[PDB]
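Okay, structure first, notes after.
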Amino acid sequence: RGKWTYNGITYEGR
């Protein structure tokens, strides 16, 4: 979902 960030771990899925 666009970009997800949590726990300091960034996740740029789409």
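Simple scheme: letters A, B, ... for chains in structure tokens order, numbers from 1 for residues in each chain, numbers from 1 for ligands in the order shown.
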Considering only C-alpha atoms, return as a PyMOL selection string whatever protein or nucleic-acid residues lie within 7 Å of residue 2 of chain A, sequence-local ones (same chain, fewer than 6 positions apart) excluded.
chain A and resi 12-14
In chain A, DSSP strand (DSSP E or B) residues written as a list in words:
residues 4, 5, 6, 9, 10 and 11 of chain A
